[PDB]
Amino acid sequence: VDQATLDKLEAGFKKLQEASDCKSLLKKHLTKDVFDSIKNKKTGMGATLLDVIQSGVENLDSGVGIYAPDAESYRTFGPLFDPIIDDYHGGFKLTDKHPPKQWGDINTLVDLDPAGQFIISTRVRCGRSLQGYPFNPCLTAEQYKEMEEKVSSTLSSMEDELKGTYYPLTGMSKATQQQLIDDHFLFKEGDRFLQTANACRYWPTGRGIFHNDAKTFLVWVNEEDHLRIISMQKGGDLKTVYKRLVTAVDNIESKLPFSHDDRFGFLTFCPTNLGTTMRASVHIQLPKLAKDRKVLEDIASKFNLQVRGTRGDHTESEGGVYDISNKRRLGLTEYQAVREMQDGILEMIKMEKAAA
């Protein structure tokens, strides 16, 4: 690790301290003991501690603040990753290991809001990393193209309900892109947290989205993770949404080789997405409970749920529509993760109905 990097790190560490109002897990778990312990470490691909915390240093409003430039980083900088992972996922010891993939009994899931007065739409997604390829910050332009080719070709083999087309971002009209994003289908452009983590190099090369004509099954290619496999639709039929996702992931997995870790389960770029990599969500309106975003968030937190704005991560709620989902993804099965969202949303709906 060169002197320049050390300077930026010491300065980075410095800045975090003087940020008396910073509430990121990076700030919380990067003690000087932790800091001095790994600051001189470097991975087999050159990833350094700066590559890990840079996003969190530059964006103090980060909730977490770190990313893994490569798989090795999870262990090389474990002293920082471990406590942050334990904290975020609500309990994941140094000795714990993520359980085997378990979709569970799909028949036990239910309709989330029969009368349809609160829920607008339901979505469940997973993330996957391609074996043979490192995470965004270590990828070259040629690798982005390679991966895009490999994934788009595999998806052309999907059949029946999952049959669809791949739409490259490179060459996509600004109007179409803007629509696909506004419709909540496509990942947005230029996320400051991802950018400062050097995860958006060579954009839009190798980036794109596959989706069936109904746009109920979609696959993001090369955004935050190599792949994001999504199932979504209007309403609250979580059962159908989940089943579609399960069908799609089982199928894609028999065709592509994905990185899985004995301890961390499926590997992803952000520590928040490890394990099941599952984020089950609903776009929902809860007039009484969501009078004050803070009150809604405190309520959601007790059900292990997370609140986001209508356009996703770090956005505001628009028209009273909130994105509420299971916060935890590692240390519990796929079934358990979707159930935390189902259970908490069913109850919050009950609380809203009983609110004055």
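The first residue of the shown sequence is 1; numbering continues from there.
The PDB entry reports B-factors from which the mean C-alpha value can be compared for 210 to 218 and 125 to 133; the larger average falls on 210 to 218. Of the two segments, 114 to 122 and 175 to 183, the one listed with the higher mean B-factor is 175 to 183 (C-alpha atoms only). The entry lists C-alpha B-factors for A68, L49, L305, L330, and the highest of these is at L49. Comparing the C-alpha B-factors of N326, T31, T310, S55 in the entry, the top value falls on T31.
Ranked by Cα temperature factor within the chain, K188 sits in the lowest third according to the deposited record. Ranked by C-alpha B-factor against the other modelled residues of its chain, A337 falls in the lowest third. When the CA B factors of the chain's modelled residues are split into thirds, the value for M348 lands in the middle one. Residue-level temperature factors show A300 in the lowest third of its chain, judged at the C-alpha atom. In this PDB entry, the Cα temperature factor of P79 sits in the top third of its chain's modelled residues, the highest group.
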